[PDB]
Amino acid sequence: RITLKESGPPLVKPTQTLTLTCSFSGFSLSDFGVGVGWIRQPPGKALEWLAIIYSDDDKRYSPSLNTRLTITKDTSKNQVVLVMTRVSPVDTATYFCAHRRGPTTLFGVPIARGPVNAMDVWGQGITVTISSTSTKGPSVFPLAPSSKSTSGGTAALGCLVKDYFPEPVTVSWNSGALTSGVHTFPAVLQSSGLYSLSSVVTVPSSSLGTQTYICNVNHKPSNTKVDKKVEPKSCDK
Amino acid sequence: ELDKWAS
Amino acid sequence: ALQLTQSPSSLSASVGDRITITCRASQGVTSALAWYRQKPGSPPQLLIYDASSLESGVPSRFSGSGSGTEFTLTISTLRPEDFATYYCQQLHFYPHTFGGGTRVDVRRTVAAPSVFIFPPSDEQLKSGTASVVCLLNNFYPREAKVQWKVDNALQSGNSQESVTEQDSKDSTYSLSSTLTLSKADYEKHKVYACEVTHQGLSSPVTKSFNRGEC
């Protein structure tokens, strides 16, 4: 019966102030000992505790972020707000708010603290990106098959989708007719602040001479679409 | 520091 | 802050198997330890609270034990939905802290990766940059190491790696490593190589090309 939902901007620029709101139902922040905390999860990393606020207005912050974090509650609106100043790309991550139970009570009297040792309900989470990068469509380069990309009777080929912002980008092969042996890797953020990924596929080397291979790249954020034909370099065929 | 319910 | 070390960092298992994950704290946290399960694209879910208490609604196959500095989470009979990442959290000291996580994936026979290398396309070179790609295809376990060498010089800080999720068909993984250099730099060297290390390989494998040999 407890529900939490995070809201805020999906993209913020460095040095700006980020404001996240957790709206909940199923419990009151006026209930004895109850708490609401924030935890973040940067891309492909572990969970990181940020702060917590309790019904009695007591509050705690991760020491390393103490100066940039501020947490407040609004019992009347069933909301908890987390403010983070001077953000940087290091703060990019999915942010979660979560509920912490207060001690169990018997007719209003605290009897056991065991149930406080956990965050029992988490919200869906909100992904926040911090970047000053402007929207940009990608360039698509071929990863041509060759003797150095062929194992036995199997050949590997692909497309390099480089320098685009923001996420995401979709990739398919031969208008979707080719899916077997296809691997589209997660995008990586380059030092330039632009994203990049590659999509590869393994196919019979005996087909490189007759079968056509084309990767279809779509980047809606910039309304960019590209079809790139990939063939063996003249060094081979 | 000790948790709120630690003491 | 209090450090929590989970082990193993990665675990291979099959449905129906019994698995155990351990968490060790830098100092005593009494029984203030919780365990969570997290599936891709979703938030963490509470399994065990206060070291051994079973959260309501959680299947009896999950159990937790320990106190002080050593705790374990056990899943008596592994289920399909159990293939995910698990995390411990201590709430005895502020700031609360989490362990580094333990990923549990589908077990299968060891499979060495097929290593392929791709020199930059003339198209990209013309644009002004050069990207060299090293592909490690369909391997298992997930643990793999890739090193770039340009004319015997180890490259550091100019390559990025990406790994796919475990394939729902053959249970293998694939990885790409991309080395980016300027056009000017690329044309100043001859041999480009990526050395790969994997459990399925009896020794480090090297894949390379010589742009100086035409």
# chains A, B, ... in the order shown; residues from 1 in each chain; ligands from 1
$ interface_residues --of "chain B" --to "chain A" --cutoff "10 Å" --atoms "only C-alpha atoms" --output "VMD selection string"
chain B and resid 3 to 6
$ interface_residues --of "chain C" --to "chain A" --cutoff "9 Å" --atoms "only C-alpha atoms" --output "MDAnalysis selection string"
chainID C and resid 1 31:35 42:51 53 55 87 89:92 94:101 114:121 123:124 131 133 135 137 160:165 174:176 207:209
$ residues_around --residues "residue 112 in chain C" --least-positions-apart "5" --cutoff "10 Å" --atoms "only C-alpha atoms" --output "MDAnalysis selection string"
chainID C and resid 136:141 144 172 197:202
$ closest_residue --among "C:205, C:30, C:111, C:12" --to "chain B" --atoms "only C-alpha atoms"
C:30
$ residues_around --residues "residue 181 in chain C" --least-positions-apart "3" --cutoff "7 Å" --atoms "only C-alpha atoms" --output "list in words"
residues 129, 130, 131, 185 and 186 of chain C
$ closest_residue --among "C:57, C:28, C:128, C:212" --to "chain B" --atoms "only C-alpha atoms"
C:28
$ closest_residue --among "C:65, C:74, C:177, C:93" --to "chain B" --atoms "only C-alpha atoms"
C:93
$ residues_around --residues "range 60-63 of chain C" --least-positions-apart "5" --cutoff "6 Å" --atoms "only C-alpha atoms" --output "PDB file with N, CA, C and O atoms, in the first residue's frame"
ATOM      1  N   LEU C  73      23.706 -14.227   2.578  1.00  0.00           N
ATOM      2  CA  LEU C  73      22.364 -14.271   2.022  1.00  0.00           C
ATOM      3  C   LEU C  73      22.343 -15.592   1.274  1.00  0.00           C
ATOM      4  O   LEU C  73      23.301 -15.932   0.577  1.00  0.00           O
ATOM      5  N   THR C  74      21.267 -16.345   1.417  1.00  0.00           N
ATOM      6  CA  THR C  74      21.192 -17.620   0.745  1.00  0.00           C
ATOM      7  C   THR C  74      19.874 -17.783   0.029  1.00  0.00           C
ATOM      8  O   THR C  74      18.839 -17.317   0.493  1.00  0.00           O
ATOM      9  N   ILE C  75      19.929 -18.414  -1.134  1.00  0.00           N
ATOM     10  CA  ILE C  75      18.737 -18.698  -1.911  1.00  0.00           C
ATOM     11  C   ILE C  75      18.778 -20.218  -2.033  1.00  0.00           C
ATOM     12  O   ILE C  75      19.587 -20.757  -2.782  1.00  0.00           O
ATOM     13  N   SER C  76      17.919 -20.898  -1.280  1.00  0.00           N
ATOM     14  CA  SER C  76      17.888 -22.359  -1.268  1.00  0.00           C
ATOM     15  C   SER C  76      17.766 -22.988  -2.651  1.00  0.00           C
ATOM     16  O   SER C  76      18.564 -23.853  -3.008  1.00  0.00           O
TER      17      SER C  76
END
$ atom_distance --atom1 "CA of residue 23 in chain A" --atom2 "CA of residue 85 in chain A"
20.9 Å
$ closest_residue --among "C:13, C:29, C:23, C:214" --to "residue 2 in chain B" --atoms "only C-alpha atoms"
C:29
